[PDB]
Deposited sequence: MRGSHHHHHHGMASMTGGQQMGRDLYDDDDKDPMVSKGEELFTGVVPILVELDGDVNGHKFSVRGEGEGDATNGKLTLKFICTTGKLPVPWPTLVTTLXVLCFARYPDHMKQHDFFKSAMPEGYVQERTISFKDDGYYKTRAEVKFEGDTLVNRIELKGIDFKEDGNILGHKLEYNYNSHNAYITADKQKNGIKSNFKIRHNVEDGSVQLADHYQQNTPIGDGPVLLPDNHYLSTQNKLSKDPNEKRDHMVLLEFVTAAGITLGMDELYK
């Protein structure tokens, strides 16, 4: 994988999201940096259209798996870096239990020296006074595993996983993710054996930021293939 050479140091990240949830149009811009050598991402996201009309935690998975730390013995299974710099398309359906769903289409690729994640998001069938449109989710994030499988027929990867979002009444709002990734270029990519990504997230606020925003620190580590 030549693409791996692009991630030996810290790389600046740009995230641009345009969204439409039940007809609500909104935009998010994020800026920060990622270091695949320790799997660490640090970004700040701002809603550029006013108040974010869905909860920030529900956008974390949508807002760059090429920064996952793959241990040396697993580097042959790193589809995400192998697709670089031309990049890959990442598509998801995210089903919120007892509520609506997101459909997302993103391109992840290098634009100059910056790794860019550009996303179109559509949300439909969300409930009035539900946990999403009513902003009833806690501002926090649980640790999760996302298992990755090869999708040979699409020359890409697939993944299905559930996110637990804590509700402020102590209940949990499940978000069922179905993901597929396909390379943008025609060059060879690494199709992996089964494995998983272990992800942790810390959400915070910038005390000097007056816009609706999210400060995010994320660790992503590949696992599940031993020596």
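According to the record, C-alpha coordinates are lacking for deposited residues 1-35, 99, 264-270.
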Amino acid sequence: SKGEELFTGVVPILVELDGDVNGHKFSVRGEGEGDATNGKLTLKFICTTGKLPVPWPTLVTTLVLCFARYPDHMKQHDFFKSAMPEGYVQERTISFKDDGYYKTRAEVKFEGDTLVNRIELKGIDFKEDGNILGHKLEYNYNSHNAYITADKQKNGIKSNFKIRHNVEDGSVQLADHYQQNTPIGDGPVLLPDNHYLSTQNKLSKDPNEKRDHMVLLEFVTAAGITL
From here on, numbers count along this sequence of modelled residues.
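Stretches compared: 131-139, 79-87. Higher mean C-alpha B-factor in the entry: 79-87. The stretch with the higher mean CA B factor, choosing between 11-19 and 199-207, is 199-207. Of the candidates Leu65, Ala36, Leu43, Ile163, it is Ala36 whose Cα B-factor is highest according to the PDB record.
Out of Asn117, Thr114, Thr93, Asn155, the entry records its largest CA B-factor for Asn155. In the deposited entry, the Cα temperature factor of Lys103 places it in the lowest third of its chain's modelled residues. In the PDB entry, a CA B factor belonging to the highest third of its chain's modelled residues is recorded for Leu191. Ranked against the other modelled residues of its chain, the C-alpha B-factor of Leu121 as given in the entry falls in the lowest third. Among the modelled residues of its chain, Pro55 has a C-alpha B-factor that falls in the lowest third, as given in the PDB entry. Among the modelled residues of the chain, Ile184 sits in the highest third by CA temperature factor in this PDB entry.
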